[PDB]
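Chains as they are written, first to last, in the UniProt record's numbering: chain U, 60 to 460; chain G, 470 to 887; chain A, 470 to 887.
Step one of this worksheet: look at the structure below.
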Amino acid sequence: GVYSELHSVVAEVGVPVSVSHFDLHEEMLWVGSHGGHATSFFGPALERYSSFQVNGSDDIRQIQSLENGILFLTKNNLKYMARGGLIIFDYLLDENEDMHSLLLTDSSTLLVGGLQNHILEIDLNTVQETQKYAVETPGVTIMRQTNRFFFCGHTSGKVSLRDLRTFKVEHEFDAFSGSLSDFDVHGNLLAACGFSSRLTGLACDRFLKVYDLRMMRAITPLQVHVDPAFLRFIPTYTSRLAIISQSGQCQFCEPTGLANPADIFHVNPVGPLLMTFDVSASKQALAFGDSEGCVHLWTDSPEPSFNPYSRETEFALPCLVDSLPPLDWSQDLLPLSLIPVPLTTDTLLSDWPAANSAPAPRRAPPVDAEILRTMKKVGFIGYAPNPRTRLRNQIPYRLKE
Amino acid sequence: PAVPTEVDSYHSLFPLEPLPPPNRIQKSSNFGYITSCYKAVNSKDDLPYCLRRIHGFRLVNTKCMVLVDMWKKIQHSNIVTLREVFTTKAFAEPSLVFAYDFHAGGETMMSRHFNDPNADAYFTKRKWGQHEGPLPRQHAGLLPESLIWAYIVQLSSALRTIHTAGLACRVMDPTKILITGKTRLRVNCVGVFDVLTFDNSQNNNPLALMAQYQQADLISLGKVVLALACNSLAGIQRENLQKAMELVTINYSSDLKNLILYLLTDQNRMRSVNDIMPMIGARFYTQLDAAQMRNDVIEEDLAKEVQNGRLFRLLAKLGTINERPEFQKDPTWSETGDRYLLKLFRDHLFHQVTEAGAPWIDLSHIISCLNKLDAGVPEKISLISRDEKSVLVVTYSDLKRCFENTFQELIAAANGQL
Amino acid sequence: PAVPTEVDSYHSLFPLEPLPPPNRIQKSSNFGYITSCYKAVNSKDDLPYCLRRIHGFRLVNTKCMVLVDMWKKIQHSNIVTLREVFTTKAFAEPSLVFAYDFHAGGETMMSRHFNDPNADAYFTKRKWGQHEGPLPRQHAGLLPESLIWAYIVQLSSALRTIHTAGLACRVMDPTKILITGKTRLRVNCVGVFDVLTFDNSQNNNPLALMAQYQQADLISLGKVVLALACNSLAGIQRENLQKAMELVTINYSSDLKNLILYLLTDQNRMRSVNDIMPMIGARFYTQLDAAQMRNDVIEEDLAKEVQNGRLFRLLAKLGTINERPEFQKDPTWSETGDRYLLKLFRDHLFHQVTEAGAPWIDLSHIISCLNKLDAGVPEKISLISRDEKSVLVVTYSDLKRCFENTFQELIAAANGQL
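See the structure below:
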């Protein structure tokens, strides 16, 4: 039940991690930076799987792991792409929508929202928006779904519980008078941390706003010794509340117990600012992405399985250079067929149409007299101004009608 | 599990015909015993071989090895050449394996021709009482008579080359003749009865009944070619012999009917191969001519493909020369260097557009220009730069020389000779 | 430059035979006029044609074109077929040019088998009061009789075809036969005497002398065959006819004996070539088998490089697809576009380097990856940029899909469907 440092890696130097997401189907983790470059990593060995620029301008704000591929979220796009980098589909979003929050309701439906006052329900296989739901309080940057309600965190400091079918607002909590940093839902308890506005201005609230889902009311707030920017329920034995401060000071607490300063640990107290955080579904691994692009994994086990049921991850063999027989290029008589050739029955990949397969005489025409006169020899090059009576690489042959 | 992997020096045994089930007590109708077919590979000289396994046999007398030696010295084109014979016990029973040299693609007489039951339905399932009117002039299945004459030429040449050695093939049959390609013929299962039905009854003289065997060979050849003519094995039947004769008379040539009469009708003489020769006549030369035409085709195809391979060497050099980051540092790759011209040549090869600028894709320009390049033709070639400033006139010889120098220097650098 | 290179559709002339000087008043004795030989290329069909030029001869009468039409309708393997004849004036004199194809490596019977004076020395030597000892039954330099038989077969077939066409070669002279390869023969100078000695004196019916020309053909053939047997033209003389006959008796078979008898000693009749067909007898098979085995060799050799035109046209498509300027602006070819994989693929194929920075080029690796892509194997391959900023692992099948789609797009744009 005690998580300690396992490994730390740099997704991108000097470019902050803008969102991170463990893949729930494989022993993978995906890290997207604010600069538009994304990288996946395998296993505790932190090994780089794939790395590429997802979009040139929009920072990455949510990654969703699906059975068939990876969903990347930016400010103005939604990209469903294969694990190896082949693009599955690319749904461009309205530039007028500050796209921030994903929600994988099921294998084919995605709820997308953000600073806009609307949430788009989109079918991925069709690559089409199927529904558009209005929101009376724009600024929904955190989105969660349980078996009972949709949990929407708003930048106004509120948490809205909505019906899972009609999406209509059923319940509301004014967690903070300022802004919301994070909120989490587990079982019969909801924990929210954020900023409130006082006489000194907007500052982080050290009293976690804890609500009992059973009796639908706020319970005594949990005073913490840090500035809680993130909260996450870890149900290892009890619902341990992983309190995360952007300064790096994090804490274990009980959702109804008392905050103990002995439960305070430090991820990166000095230097990097905690920006992104996630917990493995197995509750065995923790990831913190900081402002330098660095991702830190803490594990309560020496060699945990990110998922208890994790399928095999294939690796690509490097080129087997030494196995082939040597052939001298200067030797133009050697039989080239010594190289092994596996056979396939399908039509040859590159076969040519009859019209483009016909040879013909293509005797090049002589030089223009103008070019011959004006051509000055410089070493071995012919320096002659372009006559400008032809096109660039225009056909030197008179095509027959 | 019924096929052992390694038998003596042969492995990778793959059954070639649907093998008889182990419960098939019925001995094969063609050979009188249990038969099996496999494809194996020699572990010594690494060659494909076809294995015919016979079941339930032990060597009786060894004298047959002289006959086997005769087959080992017989080398004929249209005969499945017999390589060796040996004894194996890797099978459930002590069996004999015949190893012949292996050819693919063989389709038998029946498989190619007699596979149509309606071709037999002329001889069979007639009206049986309704007035049989005039025979249809175009009997379905009529073969090119040039083709059938070629077939008889090959058959007769095989029989004679066998007989001059003092033996008998005694296996000639529709199912025992394969057609490699379209006309080229191959007779399988040679030198089998010499051991299978090897008895010392003929006073320890295997050649005692050689004349009987050869005359039976002649008779069977006649039956086979009659079946070939009729496209129906019902024709060779004794009760359909007259209908076969009359149909051949109506359709094909007089020399053909006369050959059929000579071969089938017993002439109370040891019939000689030389005897049938004059009746084929000019068709002899006609066949030879057709053969030489096929020759003139194949040699042409060779003359194409080999050259294309030499060209591939070039294109490979082009591929390893264009756009390298090291050539980005190499002054020769730059415009003042020669290799930029190679770049430009690439541009001229692939970037051709019409007078309207639409892309022009055509193999012929490419192939002609590359032939000019590899031949180093004195014909010039004006190369206009990418930035459209200059036009350079260079011979294809100079382009080839610079390109070769580029490739060889690059390969020396890659190998570390530079 | 002295000879005008351009003639109608013909270009790039090169002299083949030793050119008779323009001052050589000595006309060639084979036809009674001055002749020269060259090669050119036709622009109508892009096919090469050897040309035969006459000197000082004038096309007088036009009736011969019927026979020239028959010449063009006549085609054969061992004949240099007559394609066209015409008049020219661009030369120093009005001339007649016969355009045939060219067959490189053609070598005349003298140059191949009659270039040694020692072969003639037996006939030319006279025993001056010396007893004539027994002649060596194995004369040094004697050809295998089979070669003679083959040459006879070829010439006899040529005569058969021409007489069936109802024409006369009148060119039976070793000077006009080229042995392409080892045995293939090529008769030469077809129709040249047909035009040179063409006359209208025969009551406007050229067919009067055809039988006489045929008998002259056969007598000349007998003399040539005898010279072949003697490996010396000196034997065909009337003075050495009996010496040649006795040499034939000593060395060669009764078949060849009867041949030379039947021909040299005329049967005072319009002899039919069919009458000599059985004489060759069984040797026919040896000839045909030899041909078939030659086929069996070359066809075997074919399979060595079947894939090379395939793979050359592969890299042709590669070159016409990569390095396209019109795409350097499209973001679909940028690092955020789907087609950046193509650029990375090319960079792995060509631009991959060793870990130490030395260029890494391996034709075998190239070919192997080419084979994998052509097969579309489910094997996955990794793609690394120059700066290692982005790396992607992808199966070869997706490479196949991308390449087919991009080439289809390029084809559609070239053909105006975009």
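No residue lacks a Cβ here, since even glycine has one placed at the ideal position from N, Cα and C.
I'd like to confirm something about residue 610/A: is its beta-carbon nearer than 6 Å to some heavy atom of the ligand COA, or not? This structure lacks the ligand COA; in fact it carries no ligand of any kind.
Cα-Cα, which of 254/U, 374/U, 101/U and 203/U is closest to residue 243/U? Mapped onto the first sequence, residue 243/U falls at position 184. Out of 254/U, 374/U, 101/U and 203/U, 203/U has the C-alpha closest to the C-alpha of residue 243/U.
Check whether the Cβ atoms of residue 882/A and residue 828/G sit closer than 7 Å, and answer yes or no. As a working mapping, residue 882/A is identified with position 413 in the third sequence. As a working mapping, residue 828/G is identified with position 359 in the second sequence. Yes, the pair counts as a contact, with Cβ atoms nearer than the cut-off.
Contact set for residue 839/A: own chain, Cβ-Cβ below 7 Å, skip 5 residues either direction: Working through the third sequence from its first residue, we reach residue 839/A at position 370. Around residue 839/A: 780 and 783.
Under 9 Å, CB to CB, which of the residues in the stretch 636-652 of chain A have a partner in chain G? none
Verify the CB distance criterion: does residue 755/A have a CB-CB separation below 7 Å to chain G? What you label residue 755/A is simply residue 286 of the third sequence in a count that begins at 1. Chain G contact via Cβ: absent.
Where the stretch 731-764 of chain A meets chain G: residues whose CB sits under 8 Å from a CB there: 743, 746, 747, 750, 751, 753, 754, 756, 757, 758, 760, 761, 762, 763 and 764
Just grab the DSSP bridge partners of residue 96/U for me. Residue 96/U sits at position 37 when you count from the first residue of the first sequence. According to DSSP, which records beta bridges pairwise, residue 96/U is partnered with 112/U.
In whole angstroms, what separates the C-alpha of residue 231/U from that of residue 241/U? Locating residue 231/U in the first sequence gives position 172, counting from the first residue. Locating residue 241/U in the first sequence gives position 182, counting from the first residue. So the alpha carbons of these two residues sit roughly 16 Å apart.
Take residue 524/A as the anchor and find which of 674/A, 540/A, 805/A and 500/A has the nearest alpha-carbon. As a position in the third sequence, residue 524/A is number 55, starting the count at 1. Per the Cα distances, 500/A.
Integer-rounded CB distance, given that residue 842/A should sit under 8 Å from residue 865/A: Walking along the third sequence from the start, residue 865/A turns up at place 396. Walking along the third sequence from the start, residue 842/A turns up at place 373. Confirmed, about 5 Å.
Nearest CA to the CA of residue 712/A: which residue from 790/A, 872/A, 688/A and 603/A? Residue numbering aside, residue 712/A sits at position 243 when the third sequence is read from its first letter. It is 603/A whose Cα lies nearest to the Cα of residue 712/A.
CB contact check: residue 428/U to chain G, cutoff 7 Å: Start at 1 with the first residue of the first sequence, and residue 428/U comes out as number 369. Chain G contact via Cβ: absent.
Below 7 Å on C-beta distance, what does residue 418/U contact in chain G? Counted from its first residue, the first sequence places residue 418/U at position 359. Here the neighbours are 832, 833 and 836.
CA-CA distance, residue 382/U and residue 797/G? Here the question's residue 382/U lines up with position 323 in the first sequence. Here the question's residue 797/G lines up with position 328 in the second sequence. Those two C-alpha atoms are separated by around 31 Å.
Local Cβ density within 10 Å of residue 554/A, reported as buried at 16 or more and exposed below that: Working through the third sequence from its first residue, we reach residue 554/A at position 85. Buried: at least 16 other Cβ atoms inside 10 Å.
Does DSSP classify residue 597/A as helix, strand or coil? Within the third sequence, the letter at position 128 stands for residue 597/A. Coil at residue 597/A, not helix or strand.
Residue 240/U - partner residues in DSSP beta bridges: Taking the first sequence and counting its residues from 1, one reaches residue 240/U at position 181. Beta-bridge pairing links residue 240/U to no other residue.
Residues of the stretch 768-779 of chain G with a CB closer than 8 Å to any CB of chain A: list them in chain order, please. 768, 770, 771, 773, 774, 775, 777 and 778
Inside the stretch 522-567 of chain A only - alpha helix (DSSP H) runs reaching at least 4 residues: The qualifying runs are 534-542.
What residue does the beta strand (DSSP E) around residue 266/U start on, and which one ends it? Start at 1 with the first residue of the first sequence, and residue 266/U comes out as number 207. Per DSSP, residue 266/U belongs to the beta strand (DSSP E) from 266-271.
Within 7 Å, strictly: CB atoms of residue 668/A and residue 638/A: On the third sequence, position 199 is the one that residue 668/A refers to. On the third sequence, position 169 is the one that residue 638/A refers to. No, the Cβ-Cβ distance between residue 668/A and residue 638/A is not below 7 Å.
Burial state of residue 694/G, where buried means 16 or more other Cβ atoms lie within 10 Å: Position 225 of the second sequence holds residue 694/G. So residue 694/G ends up on the buried side.
Could you check where the beta strand (DSSP E) with residue 582/A kicks off and where it finishes? In the third sequence, the residue the question calls residue 582/A occupies position 113. It is not in any beta strand (DSSP E) - residue 582/A instead sits in the alpha helix (DSSP H) that spans 578-582.
Taking the alpha-carbon positions, what's the residue 636/G to residue 629/G distance? Counted from its first residue, the second sequence places residue 636/G at position 167. Counted from its first residue, the second sequence places residue 629/G at position 160. Answer to the nearest angstrom: the Cα atoms are 10 Å apart.
Let me check understanding here. Comparing Cα to Cα, which of 868/G, 831/G and 747/G lies closest to residue 884/A? Stepping through the third sequence from its first residue, residue 884/A is reached at position 415. The shortest Cα separation from residue 884/A among 868/G, 831/G and 747/G belongs to 831/G.
Would residue 450/U count as contacting chain G if we go by Cβ distances under 7 Å? The residue given as residue 450/U occupies position 391 in the first sequence. It does: the Cβ of residue 450/U has a partner Cβ on chain G nearer than 7 Å.
Residue environment, residue 847/A, which counts as buried when at least 16 other CB atoms sit within 10 Å: Residue numbering aside, residue 847/A sits at position 378 when the third sequence is read from its first letter. Residue 847/A is exposed by the Cβ-count criterion.
Nearest-angstrom Cα distance between residue 227/U and residue 340/U? Along the first sequence, one-based indexing puts residue 227/U at 168. Along the first sequence, one-based indexing puts residue 340/U at 281. Rounded to the nearest angstrom, the gap between the Cα atoms of residue 227/U and residue 340/U is 29 Å.
Take residue 671/A and list the residues in its own chain whose beta-carbon comes closer than 6 Å to its own, dropping the five residues that flank it on each side. To locate residue 671/A, count along the third sequence from 1; it is residue 202. Answer for residue 671/A: 677, listed in chain order.
Cβ-based neighbour list, residue 329/U, same chain, cut-off 8 Å, excluding 5 preceding and 5 following: By 1-based counting over the first sequence, the position of residue 329/U is 270. Cβ within range, chain order: 307.
Reduced DSSP secondary structure (H/G/I, E/B, other) of residue 175/U: Numbered from 1 along the first sequence, position 116 holds the residue referred to as residue 175/U. Coil at residue 175/U, not helix or strand.
Check this for me: beta carbons of residue 813/G and residue 868/G, under 7 Å apart or not? For the purposes of this step, residue 813/G is identified with residue 344 of the second sequence, where counting begins at 1. For the purposes of this step, residue 868/G is identified with residue 399 of the second sequence, where counting begins at 1. No, they are not a contact pair.
Range of the contiguous alpha helix (DSSP H) that encloses residue 748/A: Start at 1 with the first residue of the third sequence, and residue 748/A comes out as number 279. 746-749 is the extent of the alpha helix (DSSP H) around residue 748/A.
Quick check for students: name the residue ranges of the beta strand (DSSP E) that lie wholly in the UniProt region "Knob domain" (790-887) of chain A, counting only runs of 3 or more. 849-853 and 860-864
Would you decide whether residue 449/U is buried or exposed? Buried here means 16 or more other CB atoms lie within 10 Å of its CB. In the first sequence, the residue the question calls residue 449/U occupies position 390. With fewer than 16 Cβ atoms within 10 Å of its Cβ, residue 449/U is classed as exposed.
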